[PDB]
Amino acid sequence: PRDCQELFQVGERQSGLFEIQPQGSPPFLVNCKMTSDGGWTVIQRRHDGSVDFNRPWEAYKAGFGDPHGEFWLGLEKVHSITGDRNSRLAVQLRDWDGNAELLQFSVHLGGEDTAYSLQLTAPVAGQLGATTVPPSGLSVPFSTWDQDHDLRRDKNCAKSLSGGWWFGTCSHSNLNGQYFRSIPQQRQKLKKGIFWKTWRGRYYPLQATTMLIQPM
């Protein structure tokens, strides 16, 4: 089975850890979520801040964390799952009042030669909040502290905030930031947090996140 969607198609009902083998890749263990909508591969999970997400490029490429806790699956593993197929990306956010927000977007994910760029159509970029995207869409590379792809020679958005992320602007979102339970002193501190601006605000530190992918 190439991915969780394929596991679902052959009748697996249980969410949990399963072996998959995408085209041209060795086998590896993923977290599958089996839903009414089919099978989803969990690529990111955070809830308690037990796992350090401030990691360099090779950690974000290969993956890190606890498969039974907080983790980042790894961009090379995610890309072997998607290939160049159109893919559904689900984003699940939870605030400290226990409110939840489920978002879903169609995306393409480029390979390492694109710096694992998220490739969005202009309508989908509009859904994320862009009114300044040409009809051909938008391409946002991944960046880490040691491999920042922001075009300014005095700008390192990954080093200024924390973690690795598709930082197009440095103010839309960062689900891989520093985990916080409350308000810190330094204003330069909450800015490094786990945030999704259009839901709870630039400076609201989210309590839990989940990112899931489903090819096609």
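A residue's number is simply how far along the shown sequence it sits, counting from 1.
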Quiz item: When the other PDB entries of this protein are compared, is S182 left blank in at least a third of them?
Solution: no
Quiz prompt | Higher-scoring stretch by recorded Cα B factor average, 188 to 196 or 15 to 23 | solution = 188 to 196
Quiz item: Averaging C-alpha B-factors over each stretch, which comes out higher, 139 to 147 or 126 to 134?
Solution: 126 to 134
Quiz item: Per the coordinate record, which of the options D37, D66, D52, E58 holds the highest CA temperature factor?
Solution: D37
Quiz prompt | Selection from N31, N156, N176, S173 [criterion: highest C-alpha temperature factor in the record] | solution = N156
Practice problem: Looking at the entry's B-factor column for C-alpha atoms only, identify whether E76 ranks in the lowest, middle or highest third of its chain. | Solution: lowest
Practice problem: Place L7 in the lowest, middle or highest third of its chain's C-alpha B-factors, as listed in the PDB entry. | Solution: middle
Exercise. Using the B-factors in the PDB entry, rank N99's C-alpha atom against the chain and give the third, lowest, middle or highest.
Key: highest
Quiz item: Against its chain's modelled residues, does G168's Cα B factor rank lowest, middle or highest third?
Solution: highest
Quiz item: By the record's CA B-factor, is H47 among the lowest, middle or highest third of residues in the chain?
Solution: middle
